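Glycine also receives a Cβ, built like all others from the backbone with ideal geometry; neighbour counts cover every protein chain displayed. Where a number appears in this text, it was derived from the coordinates with a stated rule and is not lab data.
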Amino acid sequence: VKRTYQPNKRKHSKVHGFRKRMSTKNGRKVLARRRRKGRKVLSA
Amino acid sequence: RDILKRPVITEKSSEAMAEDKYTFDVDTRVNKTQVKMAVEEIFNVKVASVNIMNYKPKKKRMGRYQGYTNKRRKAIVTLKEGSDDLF
Amino acid sequence: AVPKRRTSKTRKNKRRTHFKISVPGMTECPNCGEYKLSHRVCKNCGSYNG
Amino acid sequence: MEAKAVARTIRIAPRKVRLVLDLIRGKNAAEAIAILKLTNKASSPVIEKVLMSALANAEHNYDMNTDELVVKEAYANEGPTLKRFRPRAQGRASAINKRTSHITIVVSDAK
Amino acid sequence: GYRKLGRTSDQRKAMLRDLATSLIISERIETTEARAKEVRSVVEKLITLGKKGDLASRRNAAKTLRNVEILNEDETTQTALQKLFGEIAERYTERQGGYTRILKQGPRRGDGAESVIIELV
RNA sequence: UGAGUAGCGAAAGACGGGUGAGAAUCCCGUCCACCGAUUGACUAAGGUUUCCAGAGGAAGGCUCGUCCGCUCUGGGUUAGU
RNA sequence: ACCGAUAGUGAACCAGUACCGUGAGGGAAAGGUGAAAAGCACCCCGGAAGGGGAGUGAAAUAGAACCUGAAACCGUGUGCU
């Protein structure tokens, strides 16, 4: 049986990366909500 | 300049192939062209070739505080003339 | 099939009446002086010598 | 006069140890070492090391001869258990208990 | 047969032959009580073929004994078959049956099995 | 509580000699058995020190353990192609 | 005429941290030895662990799993039956 999560370094950085969220206006609001809460890592 | 940080003395690369090669520690933002010229400026020797490698951080203190060890950059030089780069 | 009711301390202690073990059935060897099993060798200094 | 010796944090489960302590209870000090040495339970070498040290206290600290020592009291108490998990089918998980007991041997001289 | 000893047909014949060739090179081995009663008959029948000495007896004994190099002779790589028909057969030339003796030791640790010692008388 | 009950996850092991408080389970030797368009030899992704040596046996290993992909202390990745 | 560790902020604690999800996101548990470490020198059994004495202290059944120590529950003796 084949599972639903196959790891990938490039696909994880090209969709949820820091530069990916800093290119859109709605993604810029995601980094702000995590700074307000105080998370350790912002984009991953 | 002070490119070299510390000398390394171990079982490998020291007391074995150490009479003709020397193992040093440098900063993590230097290339072997500077490492070659910096050795000749401190010890007045002539270097044949330089080999440099990198090391990733390694975990430590398995238990309460689980942190990471600093990364390092190891260099190995070979001299054609001269010796005694350490004592 | 699941138990319909809880188990008492009385019913639990009555069932374990015969849940015991017996004495190993040992004798004395008149060569090593120590206790030992029957039809076997003295585990200390000595032998069977039957 | 008495002499005690306690073993704490013994990994063996308690009710597995009580089956052997019901054999040396009331016997002599010589008849009990043999009963424990010629049996093949898991807690056999553990109870013997506790009964042996209880006789070493009766001769060093207290002053009495071990020629007529009898086992006066033997019992096992509970201890802090260890909680573990065993994965089962369909994602369920069961609990596993790594229990612990406290062993106690009391010798006397009957006087 | 007599008792299955918890194995299958082909595995039982490979184990009984392993113990018989071990009682010839060392003359004393430690085993289990149930397996000691079975190898007791395997070795006592091989000594009977050694007292005959015929070529038909040497070939009827090559079906059981494994090919091992006993150094009991201490020279020339003597085989498990060459020790038989020789010093073993000379020791029991007058004895009529009963060339095996088993002694009991006690239940072992972690198994509760009866350890025994079987040796040539 | 059910209960000292179900289970302990496809499979061939035997003996002698060592180590040690303690060995069916660790080490060495011999015999036997299994795979062999693969249970063998190289590599990409992925994992991220699990690699090596000397020490340790509380917890983890579905038993044991002197052993370990576990614990502790030092080490180990060299390119003009 | 507010709370006193299941309370009071999710967080008295090295917490938005273990941890759980591809991700946006969701989220705990864990305070108290003594006035002062004065944290049990030495002896005995044991491979260790843990104990029995002797000492420290006003108190060690105050020995770091350390103030008081309830119930469920698991035990060891005995007076009647």
**Request:** Using Cα pairs closer than 8 Å and at least 6 residues apart in sequence, work out the relative contact order for chain B, in percent.
**Result:** 32
**Charge tally in the Cβ shell below 14 Å around D:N65, where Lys, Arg are +1 and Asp, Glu are -1, D:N65 excluded** = -4
**Item:** Using a Förster distance of 22 Å, the FRET efficiency for D:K27-D:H102 (Cβ separation, nearest 0.05)
**Value:** 0.55
**Cut-off 19 Å (backbone N to label point 7 Å along Cα→Cβ of E:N72), residues of the stretch E:84-121** = E:84-103, E:117-121
**Exposure proxy ranking, count of Cβ atoms within 10 Å, fewest first, for D:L69, E:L55** = E:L55, D:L69
**Fill in**
In nm, the gap between the two label points placed 7 Å beyond Cα toward Cβ at A:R3 and A:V15 is 1.6
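Counting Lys and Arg as +1 and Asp and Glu as -1, what is the net charge of the other residues whose Cβ lies under 14 Å from the Cβ of C:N49? Provide the component values of the computation, followed by the final result.
On the way: positive: C:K36, C:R40, E:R101, E:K104; negative: none.
So the surrounding residues net to +4.
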**Item:** Cα→Cβ-extended label distance, 7 Å offset, between A:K29 and E:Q11, nm
**Value:** 6.9
**Request:** Starting from the stretch D:36-99, pick out the chymotrypsin sites (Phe, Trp or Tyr not before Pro) whose DSSP state is loop and whose Cβ has at most 16 other Cβ atoms within 10 Å.
**Result:** D:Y62
**Asked** Once the Cα atoms of helix E:33-52 and of chain E are each reduced to a long axis, what angle between those two axes, in degrees from 0 to 90 to the nearest 10, is obtained?
**Response** 10
**Exposure rule at most 11 other beta-carbon atoms within 10 Å, DSSP loop GluC sites (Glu not before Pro): chain E longest free segment** = E:1-74
**Request:** Could you line up A:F18, B:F24 from fewest to most neighbouring Cβ atoms inside 10 Å?
**Result:** A:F18, B:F24
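If we count trypsin sites (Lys or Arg not before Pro) as exposed when they sit in a DSSP loop and have at most 14 other beta carbons within 10 Å, what is the longest stretch of chain A that avoids them all?
Working: sites that count: A:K2, A:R3, A:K14, A:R39, A:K40.
Longest site-free region, per DSSP loop and neighbour criteria: A:15-38.
Determine the shielding of peptide C:35-44 by partner chains: average, over its residues, the number of Cβ atoms on other chains within 10 angstrom of each Cβ. The partial results should precede the final answer.
Numbers: counts 7, 4, 5, 1, 2, 8, 5, 0, 4, 1.
So the per-residue partner count for this stretch is 4.
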**Request:** Using only atoms on other chains, find how many Cβ atoms lie within 10 Å of each Cβ of peptide D:34-40 and report the average.
**Result:** 6
**0 to 90° range, to nearest 10: angle between helix E:9-25 axis and chain E longest Cα axis** = 60
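Ignoring the sites themselves, what is the longest stretch of chain B with no GluC sites (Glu not before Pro) in a DSSP loop and at most 10 other beta-carbon atoms within 10 Å?
Working: sites that count: B:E11, B:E15, B:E19.
Between the exposed loop sites, the longest stretch runs B:20-87.
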**Request:** Express the Stokes-Einstein translational diffusion coefficient of chain B in µm² s⁻¹, to the nearest whole number, given a Kirkwood radius over alpha-carbon pairs, 37 °C and a viscosity of 0.692 mPa s.
**Result:** 232
**Complete:** Most exposed first, judged by fewest Cβ atoms within 10 angstrom, C:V2, B:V8 run C:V2, B:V8
**Message:** Within 10 Å of each candidate Cβ there may be at most 14 other Cβ atoms; applying that plus a DSSP loop requirement, which chymotrypsin sites (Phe, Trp or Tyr not before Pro) in the stretch B:28-80 survive?
**Reply:** B:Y65
**Asked** On a 0 to 90 degree scale, rounded to 10, what angle separates helix A:25-37 from the longest Cα axis of chain A?
**Response** 80
**Request:** Indicate the gyration tensor shape class of the stretch E:20-89 (rounded, prolate or oblate), computed on the Cα atoms with a ≥ b ≥ c the square roots of the eigenvalues: a/c under 1.5 is rounded; otherwise a/b larger than b/c is prolate and the rest oblate.
**Result:** oblate
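Rounded to the nearest 500, what is the 222 nm mean residue ellipticity of the protein assembly as shown from helices alone, with -39500 (n - 2.57) per DSSP H run of 4+ residues and division by all residues? Let's see the in-between values first.
Details: 13 runs with 130 residues, N = 413.
For the protein assembly as shown, the value works out to -9000 deg cm²/dmol.
Loop-only check: which trypsin sites (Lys or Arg not before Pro) in chain B are DSSP coil with at most 15 other Cβ within 10 angstrom?
Numbers: sites: B:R1, B:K5, B:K12, B:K21, B:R29, B:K32, B:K36, B:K46, B:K58, B:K59, B:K60, B:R61, B:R64, B:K71, B:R72, B:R73, B:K74, B:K80; in loops: B:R1, B:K12, B:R29, B:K58, B:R61, B:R64, B:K71.
Those satisfying the criteria are B:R1, B:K12, B:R29, B:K58, B:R61, B:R64, B:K71.
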